[PDB]
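Computed from heavy atoms alone, side chains included, the values below leave out hydrogens, waters and symmetry copies. Just so we're on the same page: letters track the sequence lines, and every chain starts at 1.
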Amino acid sequence: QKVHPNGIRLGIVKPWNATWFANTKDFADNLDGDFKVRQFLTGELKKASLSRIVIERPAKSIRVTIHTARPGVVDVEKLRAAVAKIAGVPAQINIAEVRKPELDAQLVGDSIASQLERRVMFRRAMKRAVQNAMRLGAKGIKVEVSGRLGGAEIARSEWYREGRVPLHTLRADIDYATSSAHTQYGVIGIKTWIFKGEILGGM
RNA sequence: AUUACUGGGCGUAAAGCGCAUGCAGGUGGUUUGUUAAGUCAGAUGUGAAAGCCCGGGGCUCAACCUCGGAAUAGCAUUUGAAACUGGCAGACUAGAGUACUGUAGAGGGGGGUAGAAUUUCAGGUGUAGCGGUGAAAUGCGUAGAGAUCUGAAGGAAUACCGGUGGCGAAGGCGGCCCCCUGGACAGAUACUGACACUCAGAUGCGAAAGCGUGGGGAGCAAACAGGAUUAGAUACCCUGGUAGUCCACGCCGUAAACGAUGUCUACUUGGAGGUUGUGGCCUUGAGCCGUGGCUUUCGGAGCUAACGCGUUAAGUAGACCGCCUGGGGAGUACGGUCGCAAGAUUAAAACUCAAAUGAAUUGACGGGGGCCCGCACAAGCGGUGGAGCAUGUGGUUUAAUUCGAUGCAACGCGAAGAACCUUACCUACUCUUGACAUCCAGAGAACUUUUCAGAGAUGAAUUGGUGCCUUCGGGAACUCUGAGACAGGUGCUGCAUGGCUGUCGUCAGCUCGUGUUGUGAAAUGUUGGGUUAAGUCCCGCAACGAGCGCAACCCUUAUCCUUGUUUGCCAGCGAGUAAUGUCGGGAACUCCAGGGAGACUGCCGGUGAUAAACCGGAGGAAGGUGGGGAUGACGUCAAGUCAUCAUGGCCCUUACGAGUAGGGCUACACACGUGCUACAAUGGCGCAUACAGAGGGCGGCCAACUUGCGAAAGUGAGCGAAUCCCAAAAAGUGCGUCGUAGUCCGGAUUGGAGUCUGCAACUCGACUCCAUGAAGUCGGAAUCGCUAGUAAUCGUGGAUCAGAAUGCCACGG
């Protein structure tokens with residue numbers, strides 16, 4: 001039914017997670033490289049609060065940026081060396097703190113995901129996130145947990161929204177992220193939206 | 001508190017007799033006295049003991065035993081009290097009734113009569129219909145209907161008045177007149193003196209239908225007949241039509257006999273009416289103000305589950321009566337009574353169910369109402385359905401024709417491209433720690449030829465190479481084998497899921513907080529008056545705010561400006577070429593691309609509530625959202641997808657895993673969906689000649705040249721691209737020809753000869769050439785798309801891709 005919030009706003013208010021020019025030949029290889037890098041970094045930085053891996057390719061190299069809540073947990077030499085291997089090009093790795101990590105849709109969902117994997121009440125997890133966000137100064141937030149909720153034999157979808165989340169407004173700075181809590185009943189999806197205020201003036 | 005004495009009910013949940021009269025009974029105004037039956041107080045007798053209860057006492061405690069008391073709510077006798085009820089004897093006039101005089105009235109019974117109309121009949125005129133319905137038919141009519149005139153005879157009912165008017169106990173009562181007669185009401189004075197209220201049983205009255213007897217019978221009409229409608233039509237509709245309907249006298253005794261509301265009495269805010277008396281005023285002028293009866297409506301308190309009732313109570317009380325006690329069975333059976341009968345009345349049980357039910361709420365729905373929108377219909381235009389092909393689906397066939405998608409919203413869909421591969425299927429050959437992965441141990445660098453067997457997978461033989469990193473038994477890494485953990489599964493479940501998607505529909509909705517209202521579900525906001533594409537906006541308003549949707553923000557397209565100018569441009573420039581923007585040169589212009597400008601109902605006029613907004617105008621490239629795109633609220637369909645992927649569970653693990661070869665998915669008696677090309681002259685055919693946009697391109701796009709009829713092949717540039725290439729626009733225009741037909745339409749099919757891609761085109765590719773020249777002569781019912789640069793038509797490019805586009809995405813004319 002609904003367009004991806006990051007998708008529609010690419011170019012308008014939402015930057016790209018990959019910035020490199022390639023001509024068709026390279027383009028598809030560069031893309032597969034990036035996937036391997038992301039799949040690796042994500043798989044290693046599971047307990048490092050990872051949101052967003054931005055992959056530049058400055059000439060014949062690969063700069064990564066692990067935006068993280070935990071620059072401490074990030075080791076970096078090994079990552080740098082590992083990326084450099086997969087990409088097959090002299091890799092850099094930069095780190096960026098996610099300063100307010102409970103106003104980050106990716107982490108917020110990852111949190112709720114963890115909590116639901118530890119067997120927490122879905123309403124409890126959902127609701128705490130909403131409050132933390134709206135306290136830290138979210139202009140709004142929605143969270144929709146979908147699946148077999150409390151291991152129900154029928155899957156349903158509950159969602160809580162506080163503040164505005166004006167998805168049809170393109171100048172709106174909405175952060176979206178799907179997470180998945182993998183549990184004994186099945187997969188449980190955690191969509192999270194976080195409206196951080198309309199950006200007048202464009203990108 | 002579910003038999004309600006304590007302590008329930010009866011408008012709609014079960015429950016007010018249809019209405020009344022009335023005996024027994026119940027109850028009964030005021031007052032004096034008396035009596036003391038009820039009542040009250042006390043005494044005496046009695047009310048066995050045990051038990052119960054309260055104090056003790058005894059068993060180790062307790063049960064148990066036991067002492068004393070209390071209790072035995074009563075009854076008898078007796079003595080008091082005399083408020084209240086009763087009795088008895090008086091008294092009283094407020095209740096109830098009487099007399100008098102008026103008043104209104106479809107009150108009842110009897111008799112008469114009038115006018116309108118219908119039907120029949122008779123005669124006159126007249127001539128082909130009439131009648132009926134959705135349409136029609138039955139029917140009626142030429143033997144004269146229907147229509148029209150006149151008359152006659154009958155029966156029934158009384159237009160207007162006419163009324164939420166009137167009268168009556170209720171049922172009910174309607175022209176006018178008379179006769180007999182009941183009740184109500186008012187005024188006035190006098191009277192009687194509680195004579196009252198209610199009523200089991202009883203008695204009487206009691207709509208319509210029905211029943212008996214005798215009449216009557218116009219109209220209407222159960223039944224019935226015929227005609228239609230329909231699948232049927234024992235109906236609705238039409239044409240007829242009998243009992244009945246009417247009268248007399250009986251019978252019946254029932255109705256949603258309803259206000260679903262017993263009768264009587266008293267008390268308790270109002271507003272507006274109707275009707276019928278009466279008094280006063282000045283009738284100083286139809287009136288106004290009092291005072292009664294009856295009646296209608298709206299509402300307050302109160303009441304009520306609510307709806308509502310609300311001085312005509314469903315309020316507050318009293319007297320008495322009737323009646324209820326879960327739903328079905330059943331108001332039935334049996335018995336009694338009543339009836340001519342029909343049947344009424346009284347009135348169970350077994351059994352069975354866990355509900356049945358009232359009111360109200362939110363939705364959904366309605367062949368309910370109102371108001372609106374969409375190419376929804378209409379108006380048009382071009383299609384499909386018919387032909388041949390292409391493509392998909394079903395069916396069938398097959399060893400296999402993998403699997404999925406199935407109304408809209410599956411069927412040129414997943415598949416943006418099945419010869420092999422793909423591939424999931426089939427047949428056959430092959431392997432089980434495995435094709436793929438981690439771990440562990442040991443061995444071998446990896447690799448490289450070249451060779452035999454085999455359909456191939458693989459297996460055994462054959463040579464070269466044997467490097468890195470150094471702890472140097474070491475690093476790696478790759479190859480191979482062994483170990484068991486494990487691997488693997490396009491196996492199942494989309495009804496366990498995530499993610500993704502279709503759909504309503506880009507429809508204008510969907511909601512929340514707080515406040516308010518309600519016992520509550522909930523409502524309000526969000527409704528209403530306008531308005532808008534829009535829950536758009538404006539006013540109103542117990543709502544006030546807010547959120548998701550709407551709109552805007554984004555891309556593109558219209559016009560302009562500014563910056564820049566090559567690979568694009570060429571106005572003015574000079575010089576060329578067979579022509580060339582060719583080339584010096586130009587930065588103008590087209591254009592390209594970055595930044596800006598512009599449209600807001602901003603402006604004017606009119607309209608409307610001065611609102612919102614609406615109608616029109618100016619300017620302007622653009623006008624009211626300029627055009628197009630993107631953007632899809634909350635949800636609906638356990639909608640689609642476990643076969644993209646992911647995933648709970650399940651299942652398979654020498655096989656449901658894995659490798660290979662050949663088949664298959666392309667089969668075809670056929671049906672359907674979507675397409676393409678046709679049927680021709682607004683055309684075909686040949687020749688001549690013109691104007692695009694967009695896009696793609698390196699194992700790619702391929703210029704030029706030569707060769708070939710051609711596909712192409714040689715062969716050879718350029719171009720990773722505003723440079724080079726794909727590349728030609730085609731419809732158009734100009735001039736011939738066909739001569740309107742199966743053709744100078746159409747192109748299927750088939751024979752034959754080839755090119756190209758690929759290891760390989762048999763199954764099963766595209767393309768070329770030669771020949772062959774099928775169906776088809778505009779397509780039933782039905783059905784689809786489209787409101788403007790749209791439809792229609794014309795070509796052009798792209799993804800997927802070795803090859804393979806009538807599909808799809810896109811571009812212009």
| note | Of A/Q184 and A/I8, the one whose closest nucleotide on RNA chain B sits nearer the 5' end is A/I8
| message | If you assign A/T183 and A/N23 each to the RNA chain B nucleotide with the nearest heavy atom, which residue ends up on the more 5' nucleotide? | response |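 The residue whose closest nucleotide sits nearer the 5' end is A/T183.
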Protein within reach of the bases, or only the backbone? For [range], mark each nucleotide 5' to 3' as B, S or -, using heavy atoms under 4.0 Å.
range                          : result
nucleotides 505-514 of chain B : -B--------
nucleotides 695-701 of chain B : -------
nucleotides 486-499 of chain B : ----------BSSS

Does [X] make a side-chain N or O approach to OP1 or OP2 of [N] shorter than 4.0 Å?
X      : N      : result
A/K2   : B/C634 : yes
A/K142 : B/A633 : no
A/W159 : B/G635 : yes

| query | Any idea which of B/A552, B/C548, B/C554 is nearest the A/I12 side chain? | reply |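 Shortest atom-to-atom distance from the side chain points to B/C554.
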| request: Consider the side chain of A/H182, meaning its heavy atoms from C-beta on, and name the nucleotide among B/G632, B/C553, B/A646 that approaches it most closely. | output: B/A646
| said: Side chains of A/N94 and A/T65 only: does a donor on one sit below 3.5 Å from an acceptor on the other? | reply: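 No, A/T65 and A/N94 have no side-chain donor paired with an acceptor closer than 3.5 Å.
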| task | Considering only NZ, NE, NH1 and NH2 on the basic side and carboxylate oxygens on the acidic side, decide whether A/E56 and A/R63 come within less than 4.0 Å. | result |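 A salt bridge links A/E56 with A/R63.
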| task | Salt-bridge test for A/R148 and A/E153: reply yes if a basic N is under 4.0 Å from a carboxylate O, no otherwise. | result | no
| For B/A703, the Watson-Crick or wobble counterpart (both distances under 3.5 Å) |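 Answer to the pairing question: none, since B/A703 forms no Watson-Crick or G-U pair.
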